[PDB]
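In the form deposited without the ligand, a lone chain appears below as structure tokens.
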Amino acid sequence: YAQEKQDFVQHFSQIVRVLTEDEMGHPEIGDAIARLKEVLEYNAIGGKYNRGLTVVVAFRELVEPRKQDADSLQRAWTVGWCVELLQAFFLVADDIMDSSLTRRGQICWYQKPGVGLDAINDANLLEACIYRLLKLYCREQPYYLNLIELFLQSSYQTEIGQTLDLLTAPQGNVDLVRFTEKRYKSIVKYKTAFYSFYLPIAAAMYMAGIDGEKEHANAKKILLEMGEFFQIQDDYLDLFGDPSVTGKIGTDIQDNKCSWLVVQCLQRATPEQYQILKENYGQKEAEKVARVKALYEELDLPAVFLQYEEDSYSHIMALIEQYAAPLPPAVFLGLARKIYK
């Protein structure tokens, strides 16, 4: 599982080289290409690489083994790195928008002295790097246009999701009438599930010559449902997870997030409870965060979650049973195993 990750990371060095080869081919833009290198190195490294690696794993599980030459494998690693660049673009930009301080345990790029709002253009460069790598490595392949369109569409979906989230949950303005279940699912589907789960498997599919509309739709159905549970579990763990196991010490409640937890809370709350939420949700003070968390436990949200994880796992297994064919079920089950661990 995580021997493949060392191999993925070692490929980065070449991605960076080929993207910053213009340091001397046109000398004039050298300093800009040096800055691009620093942007790539700071923002594309330090994550867990789950999205990029999924491209490689899924590719190897989908392609006939005697069409896995060195050049094929290299295209798969490169396209994995494209998914990671897309992720990096979103995170740099989201951090600016949310005023975050840290990411992946280090200062956010935009908070670095000397960067600041220049990070907006750095993020656009990271995005642009995707299409430069696609062209460099995949332009003669029959799936080239399909991949370009898949990355463009995944960016749109994600951005639209971000818009929805920004409207739903503006910092420093509590309005819980916004935090409905239909809205939560919609945010998760567009902002997270499409790029995190559909994108990497679809890309592997296209690379394997699997281009059919119907097959893509079948896999999408499985994968967007998995993505929904992934985010719900992320929301739950934000507050209730062991921090030496997650890494996170959560701030969803302080940040006025449309969390699965606040959604559930609101569905179950008496009016006296709605009031406790109104007075304490989306504020900085520890005692106020304690209040919300106490309210969550009083309503047995951990028991709700555990039940919800069980029903969700059965449903995902049924979706796999119904929609995986003719793909090998292992493509989806590998993901299910990680998510439901």
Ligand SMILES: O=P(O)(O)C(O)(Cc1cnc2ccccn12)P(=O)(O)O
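Rigid core: the largest C-alpha set superposing within 1.5 Å between the two forms. One-based numbering along the sequence shown.
In what follows, reference is made to the form solved in complex with the ligand, a form of this protein that is not presented.
| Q264, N146, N218, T192: which sits within 4.5 Å of the ligand in the bound PDB entry by any heavy atom? | Exactly one listed residue reaches within 4.5 Å, namely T192.
| said: Counting any non-hydrogen atom inside 4.5 Å, which residue from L176, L150, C138, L91 sits next to the ligand in the bound PDB entry? | reply: The residue in contact is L91.
| query | Would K248 sit within 4.5 Å of the ligand in the bound PDB entry, counting heavy atoms only? | reply | Yes.
| said: Can you tell me if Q162 lies within 4.5 angstroms of the ligand in the bound PDB entry, counting non-hydrogen atoms only? | reply: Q162: contacts the ligand in the bound PDB entry.
| task | Answer for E181 alone: is it within 4.5 Å of the ligand in the bound PDB entry, judged on heavy atom distances? | result | Because no heavy atom of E181 falls inside 4.5 Å of the ligand in the bound PDB entry, the answer is no.
| Is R103 close enough to touch the ligand in the bound PDB entry, meaning at least one heavy atom pair within 4.5 Å? | Result yes; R103 sits at the interface with the ligand in the bound PDB entry.
| task | Choose one stretch from 130-138, 83-91, 70-78, 265-273: the one whose residues place a heavy atom within 4.5 angstroms of the ligand in the bound PDB entry. | result | It is 83-91 that comes within 4.5 Å of the partner.
| request: After superposing the two forms on their rigid core, pick out the one entry in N124, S186, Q141, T246 with a CA shift of 2 Å or more between the shown form and the other one. | output: Shifted by 2 Å or more: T246 only.
| said: On a rigid core superposition, would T163 pass a 2 Å threshold for CA movement between the shown form and the other one? | reply: No, because once the rigid core is superposed, the C-alpha of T163 moves less than 2 Å between the shown form and the other one.
| query | By the 2 angstroms cut-off, has the C-alpha of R291 moved between the shown form and the other one once the rigid core is superposed? | reply | Indeed, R291 is displaced by 2 Å or more.
| message | Quick check: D234 between the shown form and the other one - does its CA shift reach 2 Å or more after fitting the rigid core? | response | Passes the 2 Å threshold, so yes.
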